[PDB]
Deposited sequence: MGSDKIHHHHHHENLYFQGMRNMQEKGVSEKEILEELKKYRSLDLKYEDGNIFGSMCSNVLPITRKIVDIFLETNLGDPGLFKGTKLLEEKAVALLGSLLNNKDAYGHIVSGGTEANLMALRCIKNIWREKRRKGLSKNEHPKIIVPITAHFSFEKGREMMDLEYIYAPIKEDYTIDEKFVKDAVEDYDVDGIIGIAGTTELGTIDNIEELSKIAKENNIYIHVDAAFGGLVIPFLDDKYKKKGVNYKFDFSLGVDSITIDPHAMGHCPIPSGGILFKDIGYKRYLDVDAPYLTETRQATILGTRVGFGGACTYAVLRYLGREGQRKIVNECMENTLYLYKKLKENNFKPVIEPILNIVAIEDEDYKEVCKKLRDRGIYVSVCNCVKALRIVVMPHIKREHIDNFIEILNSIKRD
């Protein structure tokens, strides 16, 4: 516990660390059911080693690692239908969302300096399903949120947004492509039309869904759900995280803006962090190149196959999924959800907690794990 005068040997400290690591869960062990992280693609371990001693906070010293960040951003942009995107491979979806909020706020500041806004703080429409990073941004940056309600399918009420934009002077709209709790997809196409018609910035949070939705086989797509979310809709920015469904090591988050014109509104380097990893960009570029669309499609639809297997097994055992799954996320309605979560923990099953248990069917979740999960859950009931 205290700092010591004398050092210890490598063998002593590594065996201590391994003892602590043995207290952790591991993704591959059939314990973790409620996380949007998973095992990294094995090749990334080598890449992390190669790029460990780089720093994208000083890109003039690491020109190649900086180029690889630009290439990673370009590949994500291509996936999102935008060959001119301006962006960064940042620390995660939180920093990405915070940077989009900073941009929204600085567009507002410029208006305020010209007398073109009656808002004393940026006014941003945010669905109540938004990830907590949006609350961190509100709290830090003194934003005013207009919380948008959700419809029966748990997607943002587009008519509310349109009415609010008519009633109020609005500085930004947030839409979510893959909500944290349920994996639902807001109607970005309609939100983007509202935004374009009213000259309002729109940010899409695709932290999770951005690397799932473009790869979904048709049999997993649902009638009447719109899967369009990217720059083909003319949106201003998109968060999309390789360390979620991109199989990249933390920290690998992504923020893309429609073009380089947005960079000036990130002025105070454009990232929140200063000193920052170079291996995230290298891993993001390398994994997307190594897999190609074919390899990512295979992984995404394997997860969707296991998601629909879990959904089927749940109904067969008389459990009530909140919704038919859209992405590789299923939630189980339960009034005793807190106690059931604890009882599951006691038996080696870690879900997250909507009066529901959330299951994220990442690539580490296999059929045998779902079978084991159902068996344990029945026993609890």
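Residues of the deposited sequence lacking C-alpha coordinates fall in the stretches 1-20, 289-297, 383-385, 414-415, numbered from 1.
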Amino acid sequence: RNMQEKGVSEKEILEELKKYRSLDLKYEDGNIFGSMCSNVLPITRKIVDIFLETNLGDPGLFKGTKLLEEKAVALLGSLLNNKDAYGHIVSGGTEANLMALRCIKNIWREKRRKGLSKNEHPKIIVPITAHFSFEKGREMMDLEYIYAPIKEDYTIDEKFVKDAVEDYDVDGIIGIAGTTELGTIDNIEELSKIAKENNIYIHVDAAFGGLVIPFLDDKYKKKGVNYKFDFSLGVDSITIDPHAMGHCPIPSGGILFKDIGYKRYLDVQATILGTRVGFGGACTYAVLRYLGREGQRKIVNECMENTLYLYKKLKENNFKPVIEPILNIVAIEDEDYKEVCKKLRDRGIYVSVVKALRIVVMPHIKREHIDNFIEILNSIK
From here on, numbers count along this sequence of modelled residues.
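Once the C-alpha B-factors are averaged per stretch, 251-259 and 165-173 rank with 165-173 first. In this entry, 328-336 shows the higher mean Cα temperature factor of the pair 36-44 and 328-336. Per the deposited coordinates, the residue with the largest Cα temperature factor out of 28, 58, 69, 53 is 28. Per the deposited record, the Cα B-factor of residue 181 falls in the middle third when ranked against the other modelled residues of its chain. When the modelled residues of the chain are ordered by C-alpha B-factor, residue 240 sits in the lowest third.
For residue 127, the recorded CA temperature factor ranks within the middle third of the chain's modelled residues. Among the modelled residues of the chain, residue 308 sits in the highest third by CA temperature factor in this PDB entry.
Residue 298: CA B factor lies in the middle third for its chain, per the PDB record.
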